[PDB]
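Working notes, beginning with the structure itself.
To find a chain, count down the sequence lines: A is the first, B the second, and so on, and within it residues start at 1.
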Amino acid sequence: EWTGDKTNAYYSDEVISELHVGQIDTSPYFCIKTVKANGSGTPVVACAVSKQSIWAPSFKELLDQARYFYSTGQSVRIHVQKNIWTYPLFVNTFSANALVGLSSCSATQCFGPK
Amino acid sequence: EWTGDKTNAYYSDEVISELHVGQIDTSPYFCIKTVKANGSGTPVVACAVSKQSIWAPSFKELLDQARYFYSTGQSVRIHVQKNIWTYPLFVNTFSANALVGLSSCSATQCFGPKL
Amino acid sequence: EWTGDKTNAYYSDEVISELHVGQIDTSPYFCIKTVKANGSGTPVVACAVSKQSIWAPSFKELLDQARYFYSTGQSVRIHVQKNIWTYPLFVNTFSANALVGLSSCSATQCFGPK
Amino acid sequence: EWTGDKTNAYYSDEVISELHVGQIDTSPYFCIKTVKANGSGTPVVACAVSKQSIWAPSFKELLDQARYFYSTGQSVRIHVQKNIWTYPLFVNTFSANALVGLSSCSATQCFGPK
Amino acid sequence: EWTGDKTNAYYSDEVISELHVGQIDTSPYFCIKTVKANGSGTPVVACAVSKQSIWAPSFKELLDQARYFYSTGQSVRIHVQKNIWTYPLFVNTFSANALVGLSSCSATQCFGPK
Ligand SMILES: CC(=O)N[C@@H]1[C@@H](O)[C@H](O[C@@H]2O[C@H](CO[C@]3(C(=O)O)C[C@H](O)[C@@H](NC(C)=O)[C@H]([C@H](O)[C@H](O)CO)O3)[C@H](O)[C@H](O)[C@H]2O)[C@@H](CO)O[C@H]1O
Ligand SMILES: CC(=O)N[C@@H]1[C@@H](O)[C@H](O[C@@H]2O[C@H](CO[C@]3(C(=O)O)C[C@H](O)[C@@H](NC(C)=O)[C@H]([C@H](O)[C@H](O)CO)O3)[C@H](O)[C@H](O)[C@H]2O)[C@@H](CO)O[C@H]1O
Ligand SMILES: CC(=O)N[C@@H]1[C@@H](O)[C@H](O[C@@H]2O[C@H](CO[C@]3(C(=O)O)C[C@H](O)[C@@H](NC(C)=O)[C@H]([C@H](O)[C@H](O)CO)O3)[C@H](O)[C@H](O)[C@H]2O)[C@@H](CO)O[C@H]1O
Ligand SMILES: CC(=O)N[C@@H]1[C@@H](O)[C@H](O[C@@H]2O[C@H](CO[C@]3(C(=O)O)C[C@H](O)[C@@H](NC(C)=O)[C@H]([C@H](O)[C@H](O)CO)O3)[C@H](O)[C@H](O)[C@H]2O)[C@@H](CO)O[C@H]1O
Ligand SMILES: CC(=O)N[C@@H]1[C@@H](O)[C@H](O[C@@H]2O[C@H](CO[C@]3(C(=O)O)C[C@H](O)[C@@H](NC(C)=O)[C@H]([C@H](O)[C@H](O)CO)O3)[C@H](O)[C@H](O)[C@H]2O)[C@@H](CO)O[C@H]1O
């Protein structure tokens, strides 16, 4: 697996507009909401769950990086894997997307896989 | 269990106004006080205690997040489970509420579980 | 044991004015000095030692919180237990007070045991 | 092995201008891009992968330092080992450079091996 | 052992002026250069090496504190133990000093062993 696998999904020129932290089934988790910097389109929501899925090792790295990009409001590319989370109320509140990477986008193209 | 369980309680548009760190019964803990951004109501107090209660795994995550939101003073939704801490002097000083989640808020919507 | 135990001591309306980190007998430790926000009174010195005293479990959390309050300079209530550290040269450089809690304050009141 | 070995390569007077976090083959990783402070030259890209290469032990310290230098925008010397990463889509997105050190730079010199 | 042992060396009224992070012999390490706040004297250099020397337990505490004092540029006292690192190329690049403590300094005094 890799953040950059073409089977994952990514969204360029976004900003992190919201951040949530909680716990589910003994695991810490966080979720972020992103929107296009220019205001177009609809939001992207993605979560990371510390004890769960092949992406679990990156939970702290992703949380720390999400917090920094959230604090700056700088443009980013968000990378997700769709259709991972399953608890229906959790998915309906947030989404089934697993957060799998974050790329800064301060130049012409975002610094990450495409 | 989940932050967003309907048996938990939450309060929207709160500002984290105070922060305390201490130790109780072998465990570091922290408590926060929150007040309505609009100045109404009565404060909410909640604590997290390392290695105690079902919420223990998220102690460090919630401490770091509480510190950040305390530093910005931004309006948040605070999620708690009531009647978790039982040490009576602790409860009298703070509350029995276990902190179980924190959500940022726009002016119209907080980003977290509700209803 | 609890930060708020009557057998501990506390000082309100203080600012953390100095910070020191070191090691003793294989244990990292730190010390802080505090002074009244208004300039009155006598300084308070306390230390936490990572592997020593009943307060060992709280070392990292108090170090992180001390650094935060040190960096803001805001008014705090410092909680200590007297007569804990015993190495004479250490006590004479710093004091025998163990740091056991830190509470934020406003003008007339602080958020913590009293 | 040492950051300073002559079989590594380094580039002075650089600024970290992009940062990416992800995961590959169960390992958290991050990449940075640096550009000369004065606008000359070609960008340098390097990545650290949490449990791969002889440089695995310094992953966390170099991620934290990369983040610090990125946030200040100060001039640094970046130390890499060339030709380490091998997954082609990863190398072509980023590079084969392993990140092995970061040194702050003044006007005329940098604080690190050279 | 103690930061404050008389067999150690300290230098007061210093500013941390450079910071370097790398890896040696499986150990992440950092070094700092300090110079007098008033611009006099010759610089001091000291390193901390993750799982090396009696001072290893304090590596993370000292790295976090060095980073903070580096970021503010405030006057500090640096405490070292001489003649610890033995690799000659490493010593020649940096020094044999082990960093063993850091103390904030006011205009009047420094908060640490003397
Ligand atoms: C002219 C051209 O090169 N492409 C056409 C574009 O007009 C059109 O809209 C574009 O947005 C583009 C961004 O492409 C991605 C991205 O965000 O990087 C590519 C992603 O794979 C895609 N993600 C998914 C799950 O499909 C993502 C997503 O569609 C949007 O972010 C949702 O808003 O778009 C690029 O910046 C273009 O320059 C810009 O005009 C895109 C449609 O994505 O393709 C062509 O129609
Ligand atoms: C009683 C109730 O469940 N909801 C009341 C509303 O009908 C009403 O209008 C708005 O309610 C807003 C959102 O209500 C919450 C919140 O803070 O998000 C919902 C929480 O479940 C509730 N928590 C608990 C333990 O009861 C919480 C709480 O009542 C207040 O925060 C206490 O300070 O309120 C929000 O409260 C607005 O005040 C209002 O626009 C009004 C009644 O007129 O208050 C709601 O409680
Ligand atoms: C003792 C006396 O003569 N008068 C009492 C005063 O304590 C008090 O005056 C106010 O006291 C305020 C807070 O008192 C503490 C504090 O800092 O919170 C209480 C602590 O337990 C105490 N710590 C110890 C080890 O004794 C601490 C300490 O004495 C001082 O902080 C050292 O400077 O004081 C605060 O000091 C205010 O400045 C003052 O207004 C009055 C209030 O009516 O009640 C008396 O009991
Ligand atoms: C006396 C002298 O300096 N002669 C030539 C210069 O014209 C120039 O070098 C100056 O010094 C700078 C230091 O060069 C490095 C560096 O970045 O520290 C040395 C590195 O080993 C080298 N790395 C690799 C993999 O080759 C690195 C690299 O070439 C450049 O950074 C890529 O941009 O340069 C630096 O070179 C300055 O540009 C210059 O002021 C150069 C050639 O112009 O080499 C000297 O022979
Ligand atoms: C003879 C002598 O060594 N020192 C005295 C002068 O230094 C002194 O002027 C003051 O000295 C201050 C420095 O004292 C230390 C320090 O940095 O705290 C003491 C340290 O033990 C010493 N470290 C070592 C390994 O020897 C350290 C070191 O010599 C200097 O830092 C190197 O620059 O100095 C400080 O320098 C002030 O500038 C000044 O107040 C005068 C005071 O009357 O008497 C001398 O005997």
ask   = With no hydrogens and no angle check, is any side-chain donor or acceptor of E/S27 less than 3.5 Å from a backbone partner on E/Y29?
value = no

task = Begin from the C-alpha positions of E/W2 and C/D25 and carry the test side chain to side chain contact (heavy atoms under 4.5 Å, CB included) through to its verdict.
result = CA-CA 6 Å; E/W2 172 40; C/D25 292 321; over 6 Å; no

ask   = With distance as the sole test, does B/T93 use its side chain to make a donor-acceptor pair with the main-chain N or O of C/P113 at under 3.5 Å?
value = no

request  = Measure the acute angle between the ring planes of D/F111 and E/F94, then classify it against the limits of 30° and 60° as parallel, tilted or perpendicular.
outcome  = perpendicular

request  = Could you walk me through whether C/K51 and C/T26 pass side chain to side chain contact (heavy atoms under 4.5 Å, CB included), step by step?
outcome  = CA-CA 8 Å; C/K51 296 176 202 175; C/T26 77; 3.5 Å; yes

query = Hey, are the side chains of B/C110 and B/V76 touching, using non-hydrogen atoms and a 4.5 Å cut-off?
reply = no

ask   = Is there a donor-acceptor pair under 3.5 Å between the side chain of E/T3 and the backbone N or O of C/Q23?
value = yes

inquiry  = If we ignore hydrogens and angles and just use 3.5 Å, is the side chain of C/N92 paired with the main-chain N or O of C/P88 as donor and acceptor?
reply    = yes

query = Would a distance-only check, ignoring hydrogens and angles, find a side-chain to backbone donor-acceptor pair under 3.5 Å from C/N97 to C/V45?
reply = yes

request  = Run the numbers on D/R77 and D/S103 for side-chain hydrogen bond (donor to acceptor under 3.5 Å, both in side chains), then give the verdict.
outcome  = CA-CA 5 Å; D/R77 173 177 295 153; D/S103 307; 5.7 Å; no

message = Within the structure provided, determine whether C/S50 and C/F30 are in side-chain contact (heavy-atom separation under 4.5 Å).
response = no

message = Using a strict threshold of under 4.0 Å (side-chain N to carboxylate O), is an ion pair present between E/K36 and E/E14?
response = yes

query = Do E/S106 side-chain atoms and E/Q109 backbone N/O form a donor-acceptor pair below 3.5 Å?
reply = yes

